[PDB]
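Starting off, we have a lone chain in the form deposited in one PDB entry, written out as structure tokens.
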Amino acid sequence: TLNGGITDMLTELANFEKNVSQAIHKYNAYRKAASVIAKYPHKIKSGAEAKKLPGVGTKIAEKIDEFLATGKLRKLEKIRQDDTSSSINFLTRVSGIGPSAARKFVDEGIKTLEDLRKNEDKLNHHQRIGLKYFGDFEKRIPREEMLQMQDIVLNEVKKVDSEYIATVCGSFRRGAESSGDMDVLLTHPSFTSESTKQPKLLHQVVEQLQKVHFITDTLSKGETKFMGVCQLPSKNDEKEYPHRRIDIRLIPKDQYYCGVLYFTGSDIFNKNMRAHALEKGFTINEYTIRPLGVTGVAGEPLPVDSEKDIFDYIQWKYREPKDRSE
């Protein structure tokens, strides 16, 4: 990729700040800078050139000058060599181990994959599943497998109730040739912002997918959000497909557009769009767009009849899902 050296440097810094320093605003600053540089259509020749971009300040310009002159960054060189950093950066790759749990495990002398497998009794349900499928969850999902997965989920949901609509969102809906996981937005007319006329609406879909051995494990489950594990069926004598992460979010049917905007992302696109909405005097979540009073108190939800209406309120030209990726 153009400027791939710089954007990789910035992503490594972002992850260090998140996982090791526990500094969420530096994590987000580095990612916002990586994303703006990834879209810049020239090979960056200096830090001064990069610093012209919004989200690139003095300190990133200085690291770009070091990286362009030497091909490395001394700060990352040191982070790679530091045992506590290295240990924490590894443990946080396990689903369910965040920065706080990683540091606590390193304190207890639990620092390698072999230490985790010796200590399953010290992991919660989520972490145990994270560890079981550590390699599988590393692997990306080809679009060809995502289409197979779509066909199973859409067909099994129709078997439960023809009135469900299931939409595959995330990087898949942005047209990606591969996905990190599957994200399914679910609506049913019985669940609106005015009423739940039927219990178990998410549960009955989870149950059906478990029944046909598509959903294999559960990391977390409530009334509106499932987070778990799924797997494609394989043929006679064939190697099994890797286990995959799946998220299902049940959104009130009348708030589909806000919900599909949220679930389509990217996450960096959502942060950028929601920060732009605040500048314009609105707040966006997965349900509504609301004005802000001078007070900073959100007013009543605004009428939304398309994704594009949300862009119109905040005076952005529409971006098709494919133009919302980094």
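We number the residues from 1 along the sequence you see. Whichever C-alpha set is largest while still superposing within 1.5 Å between the two forms counts as the rigid core.
For residue 197, the record comparison shows coordinates absent in at least a third of the other entries of this protein that model its neighbours. Averaged over CA atoms, B-factors in the entry run higher in 83-91 than in the other of 83-91 and 166-174. Of the two stretches examined, 287-295 and 24-32, the record assigns the greater average C-alpha temperature factor to 287-295. For the set 195, 220, 224, 231, the maximum C-alpha B-factor listed in the entry falls on 195. The PDB entry assigns the greatest CA B-factor among 145, 138, 120, 247 to 120. Ranked by C-alpha B-factor against the other modelled residues of its chain, residue 315 falls in the middle third. Sort the chain's modelled residues by C-alpha temperature factor and residue 282 lands in the middle third, per the entry.
Ranked within its chain, residue 186 lands in the lowest third, by CA B factor from the PDB record. In the deposited entry, the Cα temperature factor of residue 106 sits in the top third of values across the chain's modelled residues. Split the chain's modelled residues into thirds by C-alpha temperature factor. Residue 128 is in the middle one.
Heads up, the form deposited in another entry isn't pictured, but that's what we're talking about next.
Superposed on the core, the two forms barely differ at residue 83: its CA moves less than 2 Å between the shown form and the other one. Relative to the superposed core, residue 197 undergoes a C-alpha shift of no less than 2 Å between the shown form and the other one.
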